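Per-chain residue numbering starts at 1, and chain names A, B, C, D and E are given in the order in which the chains are listed.
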Amino acid sequence: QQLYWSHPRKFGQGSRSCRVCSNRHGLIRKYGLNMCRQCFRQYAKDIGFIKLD
Amino acid sequence: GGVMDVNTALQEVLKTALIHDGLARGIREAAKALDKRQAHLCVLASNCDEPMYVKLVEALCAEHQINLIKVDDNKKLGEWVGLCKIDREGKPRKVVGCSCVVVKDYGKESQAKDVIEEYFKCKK
Amino acid sequence: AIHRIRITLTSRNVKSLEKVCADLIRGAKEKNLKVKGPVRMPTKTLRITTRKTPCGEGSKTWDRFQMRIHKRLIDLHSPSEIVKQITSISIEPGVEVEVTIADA
Amino acid sequence: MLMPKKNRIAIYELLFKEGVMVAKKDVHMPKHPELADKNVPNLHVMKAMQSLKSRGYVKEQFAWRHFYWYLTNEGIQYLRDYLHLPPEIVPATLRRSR
Amino acid sequence: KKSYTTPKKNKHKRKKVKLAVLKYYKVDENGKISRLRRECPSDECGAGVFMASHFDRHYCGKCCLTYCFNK
């Protein structure tokens, strides 16, 4: 078949992935996020936060 | 199952041998099986191929492990094999002759499998 | 023996926290375990300051979210058996507890 | 292949024992830890369940980058004959829930 | 985004030629089996498979990165 399929991803914006579906572009790490800012909003009601200010 | 007739005896092999995964179907795999000491049985069938293998199979049985049986009509043993496992030995999707099979310790060693071979060996 | 055993409480709800602390200070003082009061530690702020608009367009707006954790701990010195017996029971809310062998 | 004949068994037998499979959506998994132990270097779980699902015999949920395959009665019959197992064995579960 | 433009070659996978099968064992008299070239010597090889008679190159096809004699 092939002798390659991959090349070093060890740092950068391609070696971390966000939990929408493996979406990116929307660089995220904060306090152990790995969680997408669009959906973070939809989880304002869900637990982690309730808005108070 | 059988009464130690030649025809129902080779059927009893294939049932438990499938579970044992002893079946080396095709001449090349049969050869490698019997060139190894894993094999304990060889069965051949009517010529549909070259006149070379009929000689060679006896030659390999000679040097390593004598065990041979010859039963004609390739379609019988050809019918007995599936395409994977049990679920249709009728099967117009595919059926084709084996022409030779080699089995390893004649499958599981248990009931009538033991007796069918021991019956043949002492007389041959 | 009598070991300085520390019952740490930690929560995010000030009602749920405080009343469960009170229960353990009553039940301890009732049995004269020479219990030492709550040491309330600084409440800590998790802040998240991020866009309110997906696919930024329109007037630029943001949104402050915050979570307030709370810590406080009651120090006991008494046999470790009766502590670990009474501690884990009589807790209604979702409030965490961590028992320590010794600290002092 | 599509995949070896060893690695088929190790999925179909493992499913029969727990009554359920789960996995993650990746294509860079190196040996697939988190059961099937160190003999699936590629898709193989996902690729074999999908073909099984095409022919019924299983249901499939998907939620937050994780599959969840639920074996069904029809597949139990299939797998039982396919793996030459006793006419009444289910080691996945069998008791009343109280 | 837009549709593929014409090539002037493409060919996918070779048909892996339809050679006649097992003549690797030679019979001239029985019970003798006249083997040709040596059967593969590795521990991980079963030594029931033949090695290539590929002269000016001598290579086990079961191996796929190792054991290439050439003389």
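Here, a residue touches a chain if its C-beta (ideal position, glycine included) is under 8 Å from a C-beta of that chain, and two chains touch if they have at least 3 such contacts.
K.L.:
Tell me, please, which two chains come out on top when C-beta pairs in contact are counted per chain pair.
P.N.:
Comparing chain pairs, contacts are most numerous for B-E.
K.L.:
Which chain is most remote from chain C in terms of Cα centres?
P.N.:
In terms of C-alpha centroids, the chain at the greatest distance from chain C is B.
K.L.:
At what distance in angstrom does the C-alpha mean of chain E lie from that of chain B?
P.N.:
Inter-chain centre distance comes to 27 Å.
K.L.:
From the mean C-alpha coordinate of chain B to that of chain D, what's the distance rounded to whole Å?
P.N.:
33
K.L.:
Can you give the whole-Å distance between the Cα centres of chain B and chain C?
P.N.:
74
K.L.:
Can you list every residue of chain E that touches 2 or more other chains, as numbers and ranges?
P.N.:
Residues of chain E touching two or more partner chains: there are none.
K.L.:
Quick check on the complex: what are the chain E residues that touch chain B?
P.N.:
Touching chain B from chain E are residues 21-23, 25, 27, 30-33, 46, 48-49.
K.L.:
Which residues of chain D touch chain A in the complex?
P.N.:
Residues 25, 28, 64-65.
K.L.:
For chain A, which residues count as touching chain D in their complex?
P.N.:
Answer in residue numbers: 6, 19, 21-22.
K.L.:
Hey, which residues of chain B end up touching chain D in the complex?
P.N.:
Chain B reaches chain D through residues 18-19, 85-87.
K.L.:
Hey, which residues of chain C end up touching chain A in the complex?
P.N.:
On the chain C side, the touching residues are 46, 48, 50-52, 54, 63-67.
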